[PDB]
């Protein structure tokens, strides 16, 4: 439609139709949206677990325990469930994985252009890893950037979704052995189609007036 209509009609789904699945085209498009999100320095400090099977989602919903239990039925009833992960540290091999891939895609005309882009990227990586000591919080911010991108992208595809912070990230890091590969769960986003028990599909949307949140200068 209009991208403003999409932003105004999308909502966090509270109940999913377990009968409605993603089309096989949609199942690949959402993978495109995770991949092609922008990131600072093109660092791409992230990993995704896309659970489509009942066996794989039951593994994710293990994280909806304790205080987060009202999040399990959303992870189980949705068609596909995306887990957004962030790197736990920025290492030079990942920095090298990015520039060597930028080179493979023809972003550099000469090797010397590749080395100044490699060197300049480490100038600002080091300002996070070595100086401010905040590369973990920094990389976690780029993954949230991807979520906002992803939530409006699956909405524009005609899909319902909910972002979830109401999950145990220690349980979900363990189930998929994430900490040892160098990642951490941040947001879990189930995607699919809502059901009649989605009570939020029948409510109006609320936001604060721009006269509170926005300043024109």
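Numbering follows the first chain given and starts at 1.
Sort the chain's modelled residues by C-alpha temperature factor and residue 45 lands in the middle third, per the entry. In the PDB entry, a CA B factor belonging to the lowest third of its chain's modelled residues is recorded for residue 34. Among all modelled residues in this chain, the alpha-carbon of residue 157 has a temperature factor (C-alpha) in the middle third. For residue 149, the recorded CA B-factor ranks within the lowest third of the chain. Only modelled residues enter the ranking.
For residue 167, the recorded CA B-factor ranks within the middle third of the chain. Only modelled residues enter the ranking.
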